[PDB]
Structure formats: structure tokens, C-alpha cells
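Order of the sequence lines fixes the chain letters, A, B, ..., with proteins taken first and strands second; residue numbering starts at 1 for each chain. Just follow the structure's listing: the first ligand is 1, and inside any ligand the first atom is 1.
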Protein chains: 2
Amino acid sequence: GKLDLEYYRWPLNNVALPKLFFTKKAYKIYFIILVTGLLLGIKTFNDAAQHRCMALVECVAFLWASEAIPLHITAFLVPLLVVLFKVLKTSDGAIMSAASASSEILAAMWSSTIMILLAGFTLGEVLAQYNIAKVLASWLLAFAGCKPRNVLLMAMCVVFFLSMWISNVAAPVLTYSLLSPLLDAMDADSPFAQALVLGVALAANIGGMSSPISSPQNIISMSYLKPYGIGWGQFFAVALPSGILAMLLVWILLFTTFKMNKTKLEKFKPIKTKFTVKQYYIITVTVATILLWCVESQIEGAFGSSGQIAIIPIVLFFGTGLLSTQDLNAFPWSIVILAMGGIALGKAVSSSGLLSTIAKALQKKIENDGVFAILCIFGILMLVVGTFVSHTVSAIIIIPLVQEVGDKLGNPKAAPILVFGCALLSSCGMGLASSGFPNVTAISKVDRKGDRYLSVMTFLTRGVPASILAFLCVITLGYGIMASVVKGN
Amino acid sequence: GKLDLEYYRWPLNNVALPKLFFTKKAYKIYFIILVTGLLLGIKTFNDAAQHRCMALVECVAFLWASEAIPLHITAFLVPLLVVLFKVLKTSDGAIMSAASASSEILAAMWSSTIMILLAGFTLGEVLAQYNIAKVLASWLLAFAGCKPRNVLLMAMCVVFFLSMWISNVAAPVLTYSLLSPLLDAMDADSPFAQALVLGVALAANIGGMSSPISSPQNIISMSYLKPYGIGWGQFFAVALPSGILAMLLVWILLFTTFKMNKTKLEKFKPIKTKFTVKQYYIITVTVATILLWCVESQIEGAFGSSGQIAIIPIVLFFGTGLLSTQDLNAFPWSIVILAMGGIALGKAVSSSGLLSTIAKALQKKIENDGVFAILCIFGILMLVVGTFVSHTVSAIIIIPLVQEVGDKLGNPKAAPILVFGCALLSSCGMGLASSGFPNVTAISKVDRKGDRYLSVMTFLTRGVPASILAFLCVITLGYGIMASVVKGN
Ligand SMILES: CCCCCCCCCCCCCCCCCC(=O)OC[C@H](COP(=O)(O)O)OC(=O)CCCCCCCCCCCCCCCCC
Ligand SMILES: CCCCCCCCCCCCCCCCCC(=O)OC[C@H](COP(=O)(O)O)OC(=O)CCCCCCCCCCCCCCCCC
Ligand SMILES: CCCCCCCCCCCCCCCCCC(=O)OC[C@H](COP(=O)(O)O)OC(=O)CCCCCCCCCCCCCCCCC
Ligand SMILES: CCCCCCCCCCCCCCCCCC(=O)OC[C@H](COP(=O)(O)O)OC(=O)CCCCCCCCCCCCCCCCC
Ligand SMILES: CCCCCCCCCCCCCCCCCC(=O)OC[C@H](COP(=O)(O)O)OC(=O)CCCCCCCCCCCCCCCCC
Ligand SMILES: CCCCCCCCCCCCCCCCCC(=O)OC[C@H](COP(=O)(O)O)OC(=O)CCCCCCCCCCCCCCCCC
Ligand SMILES: CCCCCCCCCCCCCCCCCC(=O)OC[C@H](COP(=O)(O)O)OC(=O)CCCCCCCCCCCCCCCCC
Ligand SMILES: CCCCCCCCCCCCCCCCCC(=O)OC[C@H](COP(=O)(O)O)OC(=O)CCCCCCCCCCCCCCCCC
């Protein structure tokens, strides 16, 4: 790059200061340090680790929300700040040493969801490179029709259906690969392109709560709901209508706030050419990988996790030479780092006990407020916490808490409804583009010239209203179905 | 890519089989499967995990040595095989379940050395992009002169000196960045380029044992040697001459086996242009990072590990915009995956107890043989093991064993000599291009056109003799120096 800097010089011999210290970016960093120092000097929490974790959370949230530095660079900063702020605790409850904290926070960044994301890139690239996504898109785009909002609805439906069965870690990447014949011809400035990328992410967020296996929090809650009598049929009777209504409401939000209705789309007459033998190999591996992800619980005794299943497509496509080393190097690795930062942030929150202390204090003031009151107040907590903190982390703490509140209530249906309701509401917080796999994928997508489709502000002005719509769909339709579907015994 | 395959058709209606099943790669894969199945079906080790771990180690070593599939793809395969082969054990000693094994194996991939490697990439890119590596190389190349073997010696000395203080994780990357003004003009087919790339890796391997802080095994051995009276002066009196002699012998090996002596090099007159303010910022950050890596032990109470220090240059160069998102995406991520696979293989080896059992069996048969005999036999063991397994893991298992053997011996100098020699000899195994950070970096290097400088066979034909040379240099010169320097009390 360039070796020179511009300065502000005031002759008074003269004090010349670089202009990089007087920009909007510098002002955000100045303000962030000011708040973090104030939070680190004013007694917030009685527990020192939780007190410093509150400052750590704000600093990371402020950096991500304002994008003073790149989002994935803030993700790199998270492990450094976790060790520096001394927030990690042992199982005994003492502050972990910096050496122990360094290894603990670094070990948590690589996980099964990272492997699923890499398999998502592998599947998406191999499907686009051998003209399978092009043929598949020619049929979906023919079904949707010429209207841009119908194409938007189709894209949100595909990712919603995918996240129902294989979760929303890889579903957005597969959906974007399916949409590649249409997205690659449009620029990042296009309102229709912006709605499509944002719509897939928001629908994937909603798709994550619609099935008993659609998200890690859904699986955990299903373990809590089984003793009460809730099964797959009961779960689908509540979650699926709630998520479909939320997706439809978010869909209306997209095509009414984006100027994406006068765009003229190309007619996609379906491609009716027979697949080759090599293409059948890709399809078989792609379908088998998806099916194995669906039955992950039934094959966990041999594979352990979906991240181990994710390895099979990677070896079968890179090891046979279908994808080259350049293809692996061309993966979007900033997405991987940004995801690891969120996982590291969640570990710090859970290890310090910050969220547990916050939720426990809320439990004491609403323990005798009624089932609907607890669901709205605790659901608001997950909506705010889930916006900044991982949905899996928050659900692990909150769900056992609302279970003991529900048990104390004299209503035998209180505990199943609280566990069910909070499980769905654990996925509603989606206003921050740097939290959650669908949001990270969407806020990293670029067009042909490398320009970003979405900004953090665009994700905030639509994700926050979308989070509210999803919240209202759960506590109005979902709660109404729960009162009839869920029995107490 | 292409959609069609070529077939072998024998009319007999006709049985047409694709030609991909009758290639050298297919034959290698068939042989590897055959050997792995034979090992899994014939009773090797009494412990079930260690028997299957032996099969896993053989399979992975064969895949890497034959390069039937890409090395980083084998690295990706390593965690899947670790879970499938059921080799990981609990601290109790029972076989870990597939889910817990998946989580444990995935947690081990991301570590401090990965962060150090990423910081090495960041520093190398920022130094080359802002014309600091060019100026620095204009002086080193001027000192070396026109003779190619002198340039080779200069590069090996530079990487050796760097690995002495900051270890050989980032030192090879920095050395290659310093050599970019000369390496970028030469093709992968050039014998001189191959010699330079291989020599940097081999001298980094040798430099990893030359200092008390040059490698993790060196630090562990220094912890084991302090009670005996060995300090920095005693360590340097033995390790540094041995490492220098080994490096000189490997250098002679390189310039006599490679036809790299008739190549004509451009004269590098030193660049004498003053640095800019921005360049001074880069130099200051780089020097501060190197110094903090050097004093890692003195600042562990705050930073915990060199991986956390590695974050500081990454943030300071990416969040200030000196390096872009494309620069991060242009990192050689295949190197990272290969290193992660090596770490996972080491974790599988240590968890099963295979290496511990092998070393204990050797100890039970060489417990009374004399100090030199025990040193030579355990050094051969460490050479073979570290050719395939991580040097850190093998040192961790072996050093306490040789310490207990030396304690049993009536010679009061036996224990310090055994620990010291085994510490030096734990780094000699360098014949496999897929094991160790310098070897992985060298085997992943490509020229402008993307062609690889080195092959696995080229690494084997020179790496094994280099390992033998290092072993002999230790067990003769280092042993002679130990016999006088090391006192017993
Ligand atoms: C963009 C980066 C923003 C980073 C923001 C960091 C926050 C700075 C807050 C200012 C310091 C205020 C101290 C007030 C008293 C603290 C007492 C307390 O409770 O804490 C003690 C606490 C633990 O001490 P204990 O009480 O003994 O446990 O220590 C700290 O909190 C240490 C302070 C953290 C230092 C942060 C360093 C940031 C590294 C940046 C890496 C380089 C890249 C630069 C970014 C590039 C952007 C262009
Ligand atoms: C100017 C300085 C403030 C600037 C803004 C700071 C942002 C973070 C606010 C933190 C304020 C301190 C919270 C705790 C104070 C009382 C603690 C206590 O004694 O416990 C009471 C109580 C219960 O704890 P217990 O009483 O100790 O059991 O805890 C709380 O009330 C905690 C409330 C936390 C609310 C802040 C959550 C924000 C998370 C995201 C970070 C900010 C993102 C904003 C950017 C978004 C852009 C769209
Ligand atoms: C193309 C060439 C083949 C590609 C193969 C891909 C990867 C190899 C998968 C081989 C499966 C071997 C694991 C099972 C070993 C016996 C079970 C065991 O040890 O666990 C006991 C374990 C019990 O553990 P517990 O539940 O904790 O007691 O058994 C089970 O309950 C799990 C049974 C899982 C069975 C999965 C069947 C295989 C599905 C398909 C595999 C991948 C297909 C390839 C996809 C692309 C097609 C072109
Ligand atoms: C003696 C005991 C061993 C024998 C028993 C059978 C061995 C088990 C199956 C091994 C697979 C046989 C061929 C292996 C090498 C294939 C060639 C290649 O990678 O490049 C093809 C080829 C490139 O190589 P080229 O054609 O030679 O340039 O790439 C393709 O075109 C791939 C797409 C064509 C259709 C799929 C190819 C078959 C994939 C089989 C996947 C199984 C791999 C290993 C399974 C491990 C678990 C057992
Ligand atoms: C290139 C890939 C090479 C992979 C090499 C895999 C080795 C295959 C050996 C053949 C099976 C022999 C079984 C003999 C009896 C085993 C008994 C025993 O001790 O073990 C039981 C042991 C545990 O059972 P337990 O005794 O109940 O604990 O189970 C196994 O060892 C399961 C067998 C492992 C299956 C390997 C699957 C390979 C995954 C490939 C992924 C797809 C990508 C393909 C590569 C692309 C290349 C182009
Ligand atoms: C044709 C089939 C073999 C093909 C080649 C297989 C390669 C690996 C050889 C493993 C053979 C089995 C070893 C253990 C057999 C006896 C076990 C026993 O009862 O314990 C005795 C004894 C002590 O155990 P204990 O008596 O149970 O306490 O263990 C051994 O002697 C272990 C010896 C291990 C030797 C293999 C080391 C190779 C590591 C790298 C993998 C292969 C690399 C080659 C490719 C590179 C080419 C440049
Ligand atoms: C450019 C803007 C500044 C960039 C700075 C980036 C990194 C900021 C880190 C600042 C230091 C914060 C940690 C110290 C907090 C107090 C000590 C503590 O809590 O641990 C107790 C801890 C005791 O733990 P124990 O040993 O387990 O008892 O103290 C120590 O023994 C460790 C002492 C650490 C001293 C570190 C000195 C800092 C050197 C400079 C670091 C930044 C270099 C910047 C490179 C680029 C320059 C342009
Ligand atoms: C109210 C309390 C807070 C105030 C107290 C002081 C704050 C601590 C120091 C914060 C650094 C001040 C400027 C921050 C943003 C710099 C602009 C930028 O990144 O782009 C420059 C600039 C690009 O921005 P542009 O010039 O506006 O396009 O990039 C460069 O040219 C960088 C090379 C020039 C020389 C180095 C720049 C100074 C780096 C300072 C590193 C410290 C960062 C934060 C430290 C965290 C721990 C405290």
C-alpha cells in the first residue's frame, strides 16, 4: 500500500498530528474505550469476573454494532480480551490463570458448527461448479414467477425448509448457492439483492426454531419437554405455525421497506438436460450428507456430532479432485473467524456466570406473575441477550431456570409452556449482523466486484423489527396453540 | 469443472468401468485400506484403543507419505478417523463416547501455535506489502554475496537465529517473507529455489532445539533440568554448538545434492532510503511482537501464551486498514488445516496411550545398558516417532521416563544427560513434510504460477539424511560437551 500519511499542522516548531486521529472511526474507538473504562471503574456486579465480563460484553457489542473495525477482527480480539479481562472461571469457582484461560478460550473456537459451515462451503461450491445449482434454480425460479416478491418468498421458504431439518448453519450457504444464478447478475446496490440476502438470513433464523431438531436449543428443550408428554407432533403443532407466520410477516416487511418491486426479472424456463455420471456422484454425496444430518441423533453413537458427518463431503470432494486447493483457499474465512468470535464470547459469558446472575435476579421478581407474564418478561430477556450473545448459550442457562419457576406454579401446564415458549423465544433475537451463522453469512456476502450487499445499519433497521415480529408470533399464535395442545401431567 | 469421465469398456451387454479406479492414486488407496484392515484385524496391542490407534497412525502416515490425497485433506480426515476408530480415552481410562470424543478432538485443533502462525502470516504480508522486507533483504543479500551457497547459508542462519528466540512456528514464514525479493523471481523447477525452501525448513527444525525457549519441548526439559543445576549457560553450551554443527552439515548436504551452484544471482546493492512514519509503525509493532514472544515466560501472568500475544499484531494491522479482508482471505489456510491435523493426530496418540506403552516397553529392556546406549536407543525411538508424531507430544511422554531411568542409574550425571539429550533428540525427526510447522510451511509453498517448490519425495530424500545428521551431531558433540559441562548433584 501507500507509505504516506496526511497530517493536521498547527503552526504554534509546529505540532503536526496525523488526520487518522480525528475521523469517525477514531471517535467510535475513543467512545468505546471511554465506556469500557467507566464500566471497569464503576461497581456493577458483586462478582469480579461478572463485573469485568459486563464490560467485556459491552466493548465487544459496541465494536460490532458500530463496526469501528472489521467484524471478524473484533472476533479475533475476543480471545485476547477474555484472557486480559480475567473472566473465565474454574469449576471450583476461582479465577482461571491466564495460561489456563488462554488454552480454554482457544479450544472453544473450533467446534462442530465450524465443520458444518466448512461442509456448507464445500457443498455450495461443488454444486455451483458442476452446474447442479443452475439446473435446480431453473425449476424454483420457474415456480416462483416473474414477481420479485414471489422469488423472495421462494428463497425464504427454501432456507426455512432446510433449517427445519439440518439447522441454519449450512442452510443459508446452500440457499445462496441455489440463488447464485440470480444473485451473481445483480450488484450490491440493488434493493432486490439486499432483500434477498437479508431475507435468507432472517428466514434461516426463524427456520431454526420450527422443528425439534432445527437448532441446538431446540434439541435441548426437547429433552426437557419429553417428561411432560410433548412429542414431535406436539412440537410441530406449535413451532411450525409460529415460524411460518413469523416468516410471512417478515416477508411482508422486506418487500414493503425495500424498493424491490419494480425490478424486472428474467424468465427462467426449466433446464431439462440429463445429469452426467459425475453429477450423480455429487448429488448422491450431497443428498446423503443432508440425510445423515437429519438423522444425527440416531447415528450419534458412531459419528458423535454433525461436524464429523460434515467431514465426509469434504474428503469425498477435495480428495477426489473435484475441488482444488485453490477452491479451499477461496473459501470465505472471515466468516469462520467471525463465527469463532461469537462462540468465544458465549464461553466467556457462561464461564463468568454473568447471564446466570442476570437471569436469576429476574426470576426472583417474576416468580409469582402468571404464565403469560413470565413468558413475555423472560422472552424479552432472551430477545435482548440473544441479539448479542449466542442463542445456544442463553438457552442452556434460561431453560432450566424457567423450568423450576414453572414447577412451583400451581398450573400443571405452566412448566411445559415456559420451557416450550422460552425455547422458541431463544431464537427470536436476530438484529445484530455479527451474531448467529445466518447473520454472519449474510453480512459477509459480496457481489462480483467485492462490494457488500448489506451493512450493519441495514441489518439493524430490519432485523430488530423482524425480531419483534417473531417474538409477537410466538406469544400470540404459539401461546394460543400451546394452551390447547399442551396438557399438564 | 468437466462433467464427463473416461471408461474402460470390455464387451462381454458390456461392463464399462471408469478409468479412475485403475490409477496410481487408486492403487495407493487400495493398498492403504488393505494395510489398515489387516492391522485392525490382527491382534497387535492388548489395549483396544492402542491397537486401533496403531492402525490409525499407520493409515494417516501412509496417506501423508504417499500423498494419495492432498495432505490437508488427510488432516481434515484425521478427526473423523479419531472418532470412528474410538481411540480417545477418559482420564478414568474408559473409551470416550463418540459425542465426547468429537468435542474433545475438535477442541484440540485450534491452539496457540495456530494463532502464532496467523500472526506470522500477518507480519510477513505487512512487511512485504510496505517494502520493508525488500530493504531488509537488500542488506542480507549484499552480505551473502553472489555465491548461491552463501545465500543459502545466510537464509538458514537467519531462520535458525529467529527460531532460537521465537521458535520455528513463525520464524519460517518471516524468513520466507524476507526472501520474497529473491524467491518470487525464481520458478518452482529451479534447484536453487527448492534448496532455499527446503533449507529454511530444515534449519528451522534444527534451530528449534538450540535454545531453552526455542520449542515447547525445550521449555519442558528446562523445567526438568533446573533441579539438577542446568541453567541457560549450561543449556547454550551444549545445544547451540550441536545445532550450529547440524545446520552446517545440512547446508553442505543441500548445496552438494542440489544443482544450485551454477545459478547466477543478481547483485543486491543495499537500499538506503529513509523509512516513512507508517513504515516505522509497522517496524515498531513487528519488533514489539517479536520481543514479547521472546519474553513470553516473563509475561505469562497477563497474556497466558504466545498465541494471545499473536493477536496484537493481527488487530493492529487489520483494524487500522493496513491489511484488507482480501489479504486475510488470501492467507494459506491449507497450512492451518495441515497443522491442525497434526495436532489432532498427536492428541489421539497421547490420549490412547500408544506411545507411552511403546516407550515403557523399550525402557523395560534398556533400563540397564549405560548412559550412551540408552541415549542412542531412545534417540532412535524419538527420531522415528517425531518423523510422524508431534515433537511436543513425544517429548512430554518420553522425558519423565528417561528421567526415572537416569535416576535409577548409579551415575549422578545420568539423569541430566538423559533428559538433555532426549530433549535435543526430540526435535531431530524431520523427514516427513507433513509434520511440524516449518515442514508444513515449506511443503505448502508455491511460486507465482502456483506450482509447488517441493514434493514429499524430495522432502524424504533430504529430510531423513538431515535427521540422521542432526542425531549424530547431538550424540557426538552435544554428548561430549555434556560429559564435561553437566555435573551431577
Ligand atoms: C479497538 C480496541 C478497543 C479495546 C478496548 C479496551 C478497553 C480499554 C479500557 C481502558 C482501561 C480502563 C482501566 C480501568 C481500571 C480497570 C480495573 C478493572 O476492573 O480491570 C482490571 C483487570 C484485571 O485485573 P484484576 O482486577 O487484578 O483481576 O484488568 C484489565 O481489565 C486490563 C485492561 C484491559 C486492557 C485492554 C487492552 C486492549 C488490547 C488491544 C490490542 C491491540 C489492537 C488495538 C486495536 C486497533 C484499533 C484500530
Ligand atoms: C455511558 C455508559 C453506558 C453506555 C452504555 C453501556 C451498555 C451496557 C450497559 C451496562 C450497564 C451496567 C449493567 C449492570 C448495572 C447494575 C448491575 C447490578 O448491580 O445488578 C443488577 C441486575 C441483577 O444482578 P444482581 O442484582 O447483582 O443479582 O443486573 C442487571 O440489571 C444487568 C443489566 C444488564 C443490561 C445491559 C445489557 C446490554 C448487553 C449488550 C451490550 C450493549 C449493547 C448496546 C449497543 C446496541 C446498539 C443497537
Ligand atoms: C464412498 C465410500 C464410502 C464412504 C463412507 C463415508 C464414511 C464412512 C462411514 C462408515 C460407517 C462406520 C461407522 C459404524 C461402525 C459400527 C458402529 C459403531 O462402532 O458404533 C456403535 C454405535 C453405538 O453407540 P451408542 O449408541 O453410544 O451405544 O452404533 C450406533 O448406534 C450408531 C450406528 C450408526 C450407523 C451409521 C450407518 C452408516 C451411514 C452411512 C455412512 C456414510 C455414507 C457415505 C456418504 C456418501 C455416499 C456416497
Ligand atoms: C484391498 C482392499 C481395498 C479394495 C476394496 C475397495 C476400496 C474401497 C473404495 C475405495 C475407492 C476406490 C477408488 C479410490 C480413488 C478414487 C479416485 C479419485 O479419488 O479420483 C477420481 C477422479 C479423479 O481421478 P482421475 O480420474 O484418475 O484423474 O475424480 C472424479 O472424477 C470423481 C468423480 C467420479 C465418480 C466418483 C469417484 C469414486 C469415489 C469413491 C469414494 C471412496 C474413496 C475411498 C473410500 C474410503 C472408505 C473405504
Ligand atoms: C482415503 C481414505 C482411507 C480411509 C482408510 C480407512 C480404513 C479402512 C479399513 C477397512 C475396514 C476393516 C475392518 C476390519 C475390522 C475392524 C475391527 C476393529 O478393530 O475396528 C472396530 C472399530 C471400533 O469398534 P469397537 O471394537 O466396537 O470399538 O471400528 C472401526 O474401526 C470402524 C471402521 C473405520 C471406517 C473408516 C471409514 C473411512 C472414512 C472415509 C470418509 C469418506 C472419504 C473417502 C476418501 C476419499 C479418497 C478419494
Ligand atoms: C503389510 C502390513 C504392514 C505394513 C506396514 C505397516 C506400518 C506400521 C507397522 C505396525 C506394525 C505393528 C506394530 C506393533 C506390533 C506388535 C505390538 C505388540 O504386541 O507390542 C510390542 C511392542 C511393545 O508393546 P507391548 O509389548 O504391548 O508393551 O510394540 C512395538 O514394538 C510397537 C512398534 C511400532 C512400529 C511401527 C511404527 C511406525 C509409525 C509410523 C507409521 C508407518 C510409517 C511408514 C510409512 C513411512 C515410509 C517412509
Ligand atoms: C498501540 C496501542 C497499545 C496496544 C497494546 C496492545 C496490548 C495491550 C496490553 C496491555 C497490558 C495489559 C495487561 C497487564 C495488566 C496488569 C497485569 C495483570 O493483570 O496480570 C498480573 C500478572 C501476575 O500473574 P501471575 O504471574 O500468574 O501471578 O502480572 C505479571 O506477572 C505479568 C506482567 C505483564 C506485563 C506486560 C507488559 C506489557 C508490554 C506491552 C504490551 C503491549 C505491546 C504493544 C505492541 C505494539 C506497540 C505499538
Ligand atoms: C476517552 C478515552 C479514550 C481516548 C484515549 C486514547 C485512546 C487510546 C488509543 C486509541 C487509538 C487512537 C486512534 C484509533 C483509530 C486509529 C485509526 C485507524 O485505525 O486507522 C488509521 C489509518 C487508516 O485510517 P484513515 O487514515 O482515517 O483512512 O491507518 C493507518 O494509516 C495506520 C498507520 C498509521 C500509524 C499508526 C496509527 C495509530 C494506531 C494506534 C493503535 C491503537 C488502537 C487502539 C488501542 C487499544 C488500546 C487502548
Exceeds 12 heavy-atom contacts within 6.0 angstrom, atom CZ of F161(A): no
Any non-hydrogen atom of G41(B) lying under 4.0 Å from ligand 5? no
Specify the protein heavy atom at minimum distance from atom 48 (C) of ligand 6: its residue, its atom name, and the distance to 0.1 Å. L460(B) CD2, 4.3 Å
Identify whether NZ of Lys or CZ of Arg in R462(B) sits under 6.0 Å from the centre of the six-membered ring of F258(B) and within 45° of that ring's axis. yes
Atom 21 (C) of ligand 6: any protein heavy atom closer than 4.0 Å: no
Evaluate the 4.0 Å heavy atom contact test for atom 9 (C) of ligand 6: does a protein atom fall under the cut-off? no
Select one of side chain, backbone, both or neither to describe which atoms of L80(B) lie under 4.0 Å from any atom of ligand 3, heavy atoms only. neither
Which heavy atom of the protein is the closest neighbour of atom 2 (C) of ligand 5, given with residue, atom name and distance? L77(B) CD2, 4.0 Å
What atoms in ligand 5 come closer than 4.0 Å to a heavy atom of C59(B)? 5 (C)
Location of contacts on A48(B) toward ligand 5, heavy atoms closer than 4.0 Å: neither
State whether any protein heavy atom lies less than 4.0 Å from atom 26 (O) of ligand 5. yes
Which of the atoms of ligand 5 are close to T36(B), meaning less than 4.0 Å from one of its heavy atoms? 7 (C)
Which protein heavy atom lies closest to atom 47 (C) of ligand 3, and at what distance to 0.1 Å? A288(A) CB, 4.3 Å
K226(A) NZ: over 12 foreign heavy atoms closer than 6.0 Å: no
For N46(B), does the CG atom sit with more than 12 other heavy atoms under 6.0 Å from it, leaving out its own atoms? no
Heavy-atom distance from atom 4 (C) of ligand 3 to the protein below 4.0 Å? no
If you measure from the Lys or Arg side-chain nitrogens to the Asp or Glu carboxylate oxygens, is any gap between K347(B) and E104(B) under 4.0 Å? yes
What residue and atom, counting heavy atoms only, is the protein's closest point to atom 11 (C) of ligand 3, and at what distance? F303(A) CZ, 4.2 Å
Heavy-atom distance from atom 31 (O) of ligand 6 to the protein below 4.0 Å? no
Residue, atom name and distance, where the atom is the protein heavy atom closest to atom 43 (C) of ligand 3: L292(A) CD1, 4.2 Å
Which ligand 5 atoms does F85(B) reach within 4.0 Å, using its non-hydrogen atoms? 34 (C)
Using protein heavy atoms only, decide if any is under 4.0 Å from atom 45 (C) of ligand 6. yes
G319(A): numbered ligand 5 atoms lying under 4.0 Å from its heavy atoms: 48 (C)
Which is it for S102(B) and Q308(A) under the side-chain hydrogen bond (donor to acceptor under 3.5 Å, both in side chains) test, yes or no, and what are the steps along the way? CA-CA 7 Å; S102(B) 169; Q308(A) 303 296 328; 3.1 Å; yes
Give the residue, atom name and distance (to 0.1 Å) of the protein heavy atom nearest atom 15 (C) of ligand 6. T44(B) CB, 4.4 Å
Ligand-residue contact atoms, ligand 3 with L316(A), heavy atoms, under 4.0 Å: 46 (C)
Give me the residue, atom name and distance of the protein heavy atom closest to atom 19 (O) of ligand 3. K86(B) CE, 3.7 Å
Ion pair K278(A)/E6(B), N-O distance below 4.0 Å: no
Just jot down the ligand 6 atoms closer than 4.0 angstrom to any heavy atom of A361(B), in number order. 23 (C), 28 (O)
Please tell me if atom 39 (C) of ligand 3 is touched by the protein, where touching means a protein heavy-atom distance below 4.0 Å. yes
Proximity to ligand 3 by part of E300(A), non-hydrogen separation under 4.0 Å: neither
Pick, from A99(B), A98(B), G301(A), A302(A), the option with the minimum heavy-atom distance to atom 33 (C) of ligand 3. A302(A)
I'd like the name of whichever of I32(B), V87(B), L84(B), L40(B) reaches closest to atom 35 (C) of ligand 5 through any heavy atom. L84(B)
Taking only heavy atoms of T320(A) into account, list the atoms of ligand 5 that are under 4.0 Å away from them. 48 (C)
Any non-hydrogen atom of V35(B) lying under 4.0 Å from ligand 6? yes
Taking atom NZ of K274(A) as the centre, does the number of heavy atoms from other residues, nucleotides or ligands within less than 6.0 Å exceed 12? no
What protein heavy atom sits nearest atom 12 (C) of ligand 5, and how far off is it? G37(B) CA, 3.8 Å
Could you establish whether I309(A) and ligand 3 come within less than 4.0 Å of each other, counting only heavy atoms on the residue side? no
Atoms of ligand 5, numbered as shown, that sit under 4.0 Å from any heavy atom of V315(A): 43 (C), 45 (C), 46 (C)
Enumerate the atoms of ligand 6 whose separation from the nearest heavy atom of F388(B) is less than 4.0 angstrom. 40 (C), 43 (C), 46 (C)
Heavy-atom proximity to atom 13 (C) of ligand 6, best of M54(B), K364(B), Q50(B), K365(B): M54(B)
Can you find an N or O of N46(B) that's nearer than 3.5 Å to an N or O of ligand 6? no
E125(A) backbone acceptor or donor facing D327(A) side chain under 3.5 Å: no
For the NZ atom on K365(B), are there more than 12 heavy atoms of other groups (residues, nucleotides or ligands in this structure) within a distance under 6.0 Å? no
Quick check on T357(B) - does any of its heavy atoms sit under 4.0 Å from an atom of ligand 6? yes
Carboxylate-amine/guanidinium contact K89(B) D47(B), below 4.0 Å: yes
Closest approach of any protein heavy atom to atom 7 (C) of ligand 3, naming residue and atom: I312(A) CG1, 3.9 Å
Quick one: look up the protein heavy atom nearest atom 1 (C) of ligand 5 and list residue, atom name and how far away it is. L63(B) CD2, 4.0 Å
At what distance, to the nearest 0.5 angstrom, does CG of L381(B) lie from CG of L355(B)? 6.5 Å
Can you sort out which atoms of ligand 6 are near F62(B), meaning under 4.0 Å from one of its heavy atoms? 5 (C), 6 (C), 7 (C), 42 (C), 43 (C), 44 (C), 45 (C)
